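First up is the structure itself, then whatever we jot down about it.
Each value in this text was obtained by applying a stated rule to the coordinates, not by laboratory testing. Neighbour counts are summed over all protein chains in view; Cβ atoms, including those assigned to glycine, are modelled from backbone coordinates with ideal geometry.
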Ligand SMILES: Cc1cn([C@H]2CCCN([C@H](CC(C)C)c3ccc(C(=O)O)c(Oc4cccc(Cl)c4)c3)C2)c(=O)[nH]c1=O
Ligand SMILES: Cc1cn([C@H]2CCCN([C@H](CC(C)C)c3ccc(C(=O)O)c(Oc4cccc(Cl)c4)c3)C2)c(=O)[nH]c1=O
């Protein structure tokens, strides 16, 4: 089994990359595609609060993303891993770190401590970082402040990878999507074939 | 201003103590009484998830108590403190510590780290711990309303003892084995003495 997470800002081609990579891995592996809350009842209820929340305090929002993460992990991820599946998860811990921690200004290490409470040692076996430049990302989408938030999300991701370089595999997402799909597939297969 | 929290297991007479104490203090101070979620929209929605939760993961439940705590703190507590009020809060951090941390087995220090994210340095100025024995507590529970509930109640008390032992400077332990009139008087006197030294 394997727990593979996908990270990157909007315009990184993340969603396209997961779909095509799932299509190829399913020939050789029992693989599932997921994202939080991913249909988990309690997680779905939390998602509604996040999306209905008008000017919600940033720390509350961070705790809700972490509570949805726990539910999804416990009820969806862990049982799929026990069935021997390869789990392709669209966004996990690093998304809270880059968004809530860095871009929102709470601080990466504070959002990390929160998320380590939520994941309880369950870090991904592999994390695919779709390394898109702010310029390519902006064009790939789809206002200022939004442009600034997008850049800050990317700066946050740069900070996460610079401090932790083990499970992270940075794929050049500035390339055409066919090459991003191939580089991601090859990275995954190489990891999976080494157990 | 002052941020005073009230802690204790069920059967400690907490609710009666806070209600009667508030009623006396209101005569000399600009005071409010609150509990989480305390009518805060987002906190109320979180409470519903907690209560609708069937065999819910303990860490999720802990994060929901902490998210409700943040909302209540930010929208109710902090603005009252800024207006110079005395804030009487029925259950706060220590409740998560004793229940989620200790009694539920997550660990006090882990539930503390979670709650320090939520409170962001806003610890109570004073914590009133209603020190009831498990035996007295168990008897008070019967009047106000199995072995599994008996054991959890004892663990909650043991957990509160562990918290108080490591943070004695913040707490004021009031003997809650006494009749409630004396528990009310001892709590009122403890509060007044703290408030008059401000
Ligand atoms: C996983 C994760 C993602 N994000 C970002 C990623 C980029 C999209 N955004 C937004 C933020 C919203 C308040 C406008 C977003 C977009 C679509 C959805 C939707 O599902 O419809 C969404 O709701 C979600 C998604 C995941 C979990 C929960 Cl609890 C709610 C949230 C969320 C974070 O900031 N932190 C995290 O931990
Ligand atoms: C503050 C706090 C309290 N508690 C305990 C205190 C003893 C009572 N219990 C129960 C737990 C229930 C799920 C079976 C309880 C009783 C009444 C209510 C209700 O409001 O109707 C309740 O819901 C609440 C209460 C406070 C905050 C939230 Cl989010 C929900 C919860 C909750 C904890 O375990 N942790 C905390 O952090």
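Taking the condition under 30 Å from residue A:58 (Cα atoms), more than 14 Å from chain A (Cβ to nearest Cβ) and surrounded by fewer than 19 Cβ atoms within 10 Å (Cβ to Cβ), does residue B:125 pass? Quick ask: steps written out before the conclusion?
Details: under 30 Å from residue A:58 (Cα atoms): yes; more than 14 Å from chain A (Cβ to nearest Cβ): yes; surrounded by fewer than 19 Cβ atoms within 10 Å (Cβ to Cβ): yes.
Here the answer is yes, as residue B:125 does meet what is asked.
State all residues of segment A:8-29 that are crowded, with 16+ Cβ neighbours inside 10 Å and either outside any helix (DSSP H, G or I) or within 11 Å of ligand 1 (Cβ to nearest atom) (or both); if no residue qualifies, say none.
Selection gives A:8, A:9, A:10, A:11, A:12, A:13, A:14, A:29.
Might you let me know whether segment B:59-82 holds any residue that is in contact with a helix residue (DSSP H, G or I) (Cβ under 9 Å, 6 or more places away or on another chain) and not in a helix (DSSP H, G or I)?
There is no residue in segment B:59-82 that is in contact with a helix residue (DSSP H, G or I) (Cβ under 9 Å, 6 or more places away or on another chain) and not in a helix (DSSP H, G or I).
Suppose we keep only residues that are surrounded by 24 or more Cβ atoms within 10 Å (Cβ to Cβ) and within 13 Å of another protein chain (Cβ to nearest Cβ) within segment A:98-114. Which one would you say is farthest from residue B:64 (Cα to Cα)? Steps first, please.
First pass over segment A:98-114, keeping only residues surrounded by 24 or more Cβ atoms within 10 Å (Cβ to Cβ): A:98, A:100-101, A:111, A:114.
Still in the running and within 13 Å of another protein chain (Cβ to nearest Cβ): A:100-101, A:111, A:114.
Values: A:100: 17, A:101: 19, A:111: 16, A:114: 12 Å.
Of everything passing the filter in segment A:98-114, A:101 is farthest from residue B:64 (Cα to Cα).
Output the residues belonging to segment A:42-53 that are more than 9 Å from every other protein chain (Cβ to nearest Cβ) and more than 20 Å from the chain's Cα centre (by Cα).
Scanning segment A:42-53 gives no hits.
Going by the structure shown, is residue A:64 crowded, with 18+ Cβ neighbours inside 10 Å and within 16 Å of ligand 2 (Cβ to nearest atom)? Reasoning before the result, please.
Details: crowded, with 18+ Cβ neighbours inside 10 Å: yes; within 16 Å of ligand 2 (Cβ to nearest atom): yes.
In short, yes.
In segment A:30-39, which residues are within 16 Å of ligand 1 (Cβ to nearest atom) and either touching a helix residue (DSSP H, G or I) at 6+ places or on another chain (Cβ under 7 Å) or assigned to a loop (DSSP other than H, G, I, E, B) (or both)?
Initial filter on segment A:30-39 (within 16 Å of ligand 1 (Cβ to nearest atom)): A:33-39.
If the condition is that a residue be within 16 Å of ligand 1 (Cβ to nearest atom) and either touching a helix residue (DSSP H, G or I) at 6+ places or on another chain (Cβ under 7 Å) or assigned to a loop (DSSP other than H, G, I, E, B) (or both), then A:33, A:34, A:36, A:37, A:38, A:39 are the ones that fit.
Out of all the residues in segment B:140-151, which are surrounded by 15 or more Cβ atoms within 10 Å (Cβ to Cβ) and either touching a helix residue (DSSP H, G or I) at 6+ places or on another chain (Cβ under 8 Å) or within 18 Å of residue B:104 (Cβ to Cβ) (or both)?
Filtering segment B:140-151 for residues surrounded by 15 or more Cβ atoms within 10 Å (Cβ to Cβ) gives B:140-141.
Once the filter is applied, which keeps residues that are surrounded by 15 or more Cβ atoms within 10 Å (Cβ to Cβ) and either touching a helix residue (DSSP H, G or I) at 6+ places or on another chain (Cβ under 8 Å) or within 18 Å of residue B:104 (Cβ to Cβ) (or both), segment B:140-151 yields only B:141.
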